[PDB]
Amino acid sequence: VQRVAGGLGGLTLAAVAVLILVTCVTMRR
Amino acid sequence: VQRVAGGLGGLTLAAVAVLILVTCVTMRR
Amino acid sequence: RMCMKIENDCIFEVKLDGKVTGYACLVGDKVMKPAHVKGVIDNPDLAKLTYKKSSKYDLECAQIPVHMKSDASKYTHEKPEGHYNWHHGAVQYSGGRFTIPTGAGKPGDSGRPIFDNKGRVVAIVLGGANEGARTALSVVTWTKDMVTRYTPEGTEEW
Amino acid sequence: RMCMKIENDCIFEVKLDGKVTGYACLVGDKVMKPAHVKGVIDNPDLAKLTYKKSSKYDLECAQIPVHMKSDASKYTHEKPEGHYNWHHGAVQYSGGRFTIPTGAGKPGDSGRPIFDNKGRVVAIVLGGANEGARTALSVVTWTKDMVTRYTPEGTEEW
Amino acid sequence: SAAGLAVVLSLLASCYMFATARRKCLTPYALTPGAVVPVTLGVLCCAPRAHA
Amino acid sequence: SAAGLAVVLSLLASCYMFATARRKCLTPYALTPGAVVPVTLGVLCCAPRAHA
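Sequences listed follow chains D, A, F, C, E and B, in order. So the first sequence is numbered by the entry's author numbering: it starts at 410 and just counts up by one. So the second sequence is numbered by the entry's author numbering: it starts at 410 and just counts up by one. So the third sequence is numbered by the entry's author numbering: it starts at 111 and just counts up by one. So the fourth sequence is numbered by the entry's author numbering: it starts at 111 and just counts up by one. So the fifth sequence is numbered by the entry's author numbering: it starts at 371 and just counts up by one. So the sixth sequence is numbered by the entry's author numbering: it starts at 371 and just counts up by one.
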């Protein structure tokens with residue numbers, strides 16, 4: 410259960426880790 | 410038998426590993 | 111300098127109920143129209159067209175049909191510090207900020223392109239802000255394959 | 111500008127049953143002929159020749175014989191934005207896209223080269239697409255030792 | 371079944387945040403009459419396969 | 371004998387996929403009136419030994 414809720418629990422924080430970085434860049438330009 | 414079917418079994422996936430990369434490049438240009 | 115006459119081949123009126131608000135221009139191979147200006151553009155085969163796009167730049171860009179590829183203008187991407195022109199007079203480009211005389215623009219004259227000398231379209235007028243004797247433009251130019259809209263302090267949309 | 115007369119020394123008609131479809135040109139040291147245009151070229155010692163080549167570029171390139179090395183034209187590889195010419199008029203090169211007046215090309219005029227000023231061959235006409243008042247060409251140019259064919263949207267082969 | 375439903379409301383959210391970041395990073399390249407910068411062709415699956 | 375035949379129908383396939391990748395990578399260099407880029411002379415066994 411920790412393996413299931415640690416995979417897509419760790420997928421989701423990587424999907425935010427892109428969108429925080431992309432809106433940090435292409436708001437600036 | 411695994412040594413025979415692992416040599417040319419491993420030759421064949423390297424021959425595809427070139428042709429996937431070459432058609433990725435010289436379709437683009 | 112007589113070649114401001116060719117804007118009528120690459121412009122269309124867009125009306126909301128029967129009154130003209132703006133203009134959907136036809137630069138290059140893509141219908142550009144400012145995203146604020148509403149209504150239906152006065153052309154049937156350019157009406158049925160799914161082209162609702164982004165709003166951070168305030169544009170709404172399309173793909174022109176194949177039988178109207180030859181009614182388009184000519185786009186360019188370089189601009190030096192000089193003397194440019196559009197329909198209501200003559201402008202200049204100093205320091206990345208187009209300026210017009212005060213009062214040459216009216217609320218309802220958006221979508222007007224700006225030509226350089228050769229009838230090459232440079233940008234799209236969509237705003238304006240009264241500095242006083244002069245007024246600067248809010249404008250959507252493209253440096254090279256990347257549109258970047260410019261907005262001075264305290265504008266309003268025409 | 112009178113030197114469009116020398117294309118007859120470096121051109122041949124290719125017929126399929128008795129009617130002319132295209133032309134097999136003779137640029138540099140290699141017979142070039144567009145891969146779509148069929149038949150047998152009207153020259154015996156240039157007929158018996160194994161030269162079937164690629165079709166992604168739509169060419170069919172050969173090696174010219176030794177007693178016809180001196181009937182060839184002159185190739186080049188640079189082109190500025192200017193005023194070029196071929197048999198049916200005069201063209202211009204703007205932004206990587208050759209354009210002709212509408213109707214100067216007919217379905218059956220492929221293999222026609224394009225000279226620059228000095229009678230130097232630049233590319234090979236093989237297509238066309240009606241934009242309207244003007245029409246652009248599909249064309250096989252070479253930048254430097256690498257042929258790259260260009261194709262606008264919605265062409266057809268002449 | 372709630373855990374069988376908290377997956378689909380947490381596997382669509384991480385797929386929604388890739389489609390948004392795919393959209394915002396290449397939306398000006400579709401507005402201009404221009405190219406796609408083929409490095410971003412490799413990384414991002416762009417709709418200009420080479421067209422428009 | 372079937373294993374003695376599944377070799378030859380799996381050693382020709384990996385040799386067929388080198389002749390195709392040899393062909394597609396240097397087919398424009400034979401069409402133009404141009405050179406061979408001698409790095410690819412070293413890696414790929416090119417038919418222009420130096421000619422054409």
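Note that CB positions come from ideal geometry on N, CA and C, so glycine has one too.
Does at least one heavy atom of the ligand GDP sit under 7 Å from the Cβ of residue i?
i	result
residue 385/E	Because no ligand of any kind appears in the structure shown, any question about the ligand GDP cannot be addressed here.
Can you look up residue i in the DSSP assignment and give me helix, strand or coil?
i	result
residue 251/C	strand
residue 240/F	strand
residue 211/C	strand
residue 142/C	strand
residue 403/E	coil
residue 231/C	strand
residue 163/C	coil
residue 151/C	strand
residue 398/B	helix
residue 393/E	helix
residue 116/F	helix
residue 171/C	coil
residue 435/A	coil
residue 427/D	helix
residue 246/C	strand
residue 225/C	strand
residue 216/F	coil
residue 132/F	strand
residue 179/C	helix
residue 261/F	coil
residue 137/F	coil
residue 410/D	coil
Residue i to residue j, Cα distance in whole Å?
i	j	result
residue 156/F	residue 261/F	29 Å
residue 397/B	residue 375/B	33 Å
residue 268/C	residue 123/C	15 Å
residue 410/D	residue 372/E	14 Å
residue 160/F	residue 236/F	22 Å
residue 424/D	residue 432/D	13 Å
residue 379/B	residue 391/B	19 Å
residue 136/F	residue 205/C	19 Å
residue 410/E	residue 169/F	23 Å
residue 152/C	residue 125/C	7 Å
residue 430/A	residue 225/F	45 Å
residue 384/E	residue 393/E	15 Å
residue 178/F	residue 165/C	31 Å
residue 264/C	residue 251/F	29 Å
residue 240/C	residue 220/C	16 Å
residue 388/B	residue 418/A	15 Å
residue 413/B	residue 434/D	41 Å
residue 418/B	residue 406/B	7 Å
Determine the chain F residues that contact residue i at a beta-carbon separation under 9 Å, and present them in chain order.
i	result
residue 199/C	Per Cβ cutoff of 9 Å: no residues; residue 199/C is ~18 Å from chain F at best.
residue 405/E	255
residue 420/E	What residue 420/E touches in chain F: nothing, since even the nearest Cβ is about 14 Å away.
Should residue i be labelled buried (16 or more other beta-carbon atoms within 10 Å of its own) or exposed?
i	result
residue 200/C	exposed
residue 222/C	buried
residue 231/C	buried
residue 238/F	buried
residue 144/C	buried
residue 113/C	exposed
residue 119/F	exposed
residue 401/E	buried
residue 150/F	exposed
residue 422/A	exposed
residue 203/F	buried
residue 133/F	buried
residue 140/C	buried
residue 414/A	exposed
residue 191/C	exposed
List the residues of chain F whose Cβ lies closer than 7 Å to the Cβ of residue i, in chain order.
i	result
residue 244/C	180
residue 414/E	Result: empty, since nearest Cβ-Cβ is about 16 Å, beyond 7 Å.
residue 191/C	Near residue 191/C there are no residues of chain F at all, since even the closest Cβ is about 12 Å away, more than 7 Å.
residue 241/C	179 and 180
So which residues of chain D does residue i contact, with C-beta pairs closer than 7 Å?
i	result
residue 383/E	421
Under 9 Å Cβ-Cβ, which residues of chain C neighbour residue i?
i	result
residue 417/B	Correct list: empty, because the minimum Cβ distance to chain C is about 12 Å.
residue 99/F	Outside the displayed span of chain F (111 to 268) sits residue 99/F, for which this structure offers no information.
residue 397/B	163, 164, 166 and 167
For a contact defined as C-beta to C-beta under 9 Å, what are the partners of residue i on chain B?
i	result
residue 171/C	400, 401 and 402
Kindly list, in the order they appear in chain C, the residues whose Cβ is closer than 8 Å to that of residue i.
i	result
residue 124/F	Neighbours of residue 124/F on chain C: none; closest Cβ ~23 Å, over 8 Å.
At a CB-CB cut-off below 9 Å, which residues of chain E make contact with residue i?
i	result
residue 132/F	Under the 9 Å cutoff, chain E gives no residues; its nearest Cβ is about 18 Å from residue 132/F.
Starting from the beta carbon of residue i, find every residue of chain E whose beta carbon is closer than 8 Å, and list them in chain order.
i	result
residue 119/F	Here the premise fails: no neighbours, minimum Cβ distance about 18 Å.
Report the neighbours of residue i on chain C: residues whose CB is nearer than 7 Å to its CB, in chain order.
i	result
residue 176/F	264
Residues of chain A with a CB under 7 Å from the CB of residue i: which are they?
i	result
residue 380/B	417 and 421
residue 391/B	427, 428 and 431
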